């Protein structure tokens, strides 16, 4: 169920951070989950089993069929670009001209993942690569080749997101301010702010961090976690499903005098080969790969999996795209200030799933 998608998200995060301990992180779990399951559609035996288990499903409790039904359901709900909250996701395949495929593969891909097919000419690589990159701004790509190569096809999943803050910031309350990277180093950042507000709050003394929730208009919210100084590594160590359930259950309305949140934008390009290997998905990258469900023959193998994501946080709200754009200072009562490394998780209000995960160590990066 959705407990698999959340479980998969924290497992991925732990590995990305071990790869890079002091850089910014940004990724979309549901895009990476759907792409892998889209691939597993033409897989068999051990190759199949490693993918489904790598995704954190309990096979002793769920059949393969039920798993594809869940993703079909997940796709029908997401697509809702109208109620002030825009969210969209699609799948597609680029195939080399004159490449035979099994009727069942083509059919199921269509009925379960809404996949489209495009006749592609890879012999003209430079142009074939640009077309695919332009088609996928935010998303995941799986390059498939001849067992043991060239390029037979590329599977893809893309996502878009745009939302409005339920309590907008005013461009006139944004001021240049400090942001400490270390306990003695900092940079200048546009700091937004709100005054005299009541929002859900909770102080986690166990992990030494502060949690706050800012809603968007529509069925979604953003959670911001502020670890005390030199405590990020300790919060990261306990980033598990249970902790999330506990933070969301402990939130209580409280009044704040001032809230300062930096306006930023971050993007990342990931090569996921090593990571997936660390999670148990191995055989599909070898000669022993069993992807006979695509063309009928065991002559295909996965060579490369990449993920790309962009996040923009500003006065009006949040968007998964790039940016383009008196003010008298007050200081009194209580002051929550996100002027040091923090975490941000975007989750739907009535469900236990996550659309975006990110950590901000340096906003000017």
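Residue numbers count along the first chain shown, from 1.
Counting the deposited residues that fall between residue 148 and residue 149 and carry no coordinates gives a value of 4 to 9. In the deposited entry, the stretch joining residue 297 to residue 298 is continuous, with no residue of the deposited sequence left without coordinates. For the segment pair 286 to 294 and 248 to 256, the entry gives 286 to 294 the higher mean B-factor, averaged over Cα atoms.
Higher mean CA temperature factor, per the PDB entry, when comparing 74 to 82 with 171 to 179: 74 to 82. The PDB entry assigns the greatest CA B-factor among 310, 328, 313, 302 to 328. The entry lists C-alpha B-factors for 267, 198, 91, 123, and the highest of these is at 123. When the modelled residues of the chain are ordered by their C-alpha B factor, residue 95 lands in the middle third. When the modelled residues of the chain are ordered by their C-alpha B factor, residue 24 lands in the middle third.
In the PDB entry, residue 213 places in the lowest third of its chain by CA B-factor.
Per-chain ranking of the deposited C-alpha B factor places residue 130 in the middle third. Sort the chain's modelled residues by C-alpha temperature factor and residue 157 lands in the lowest third, per the entry.
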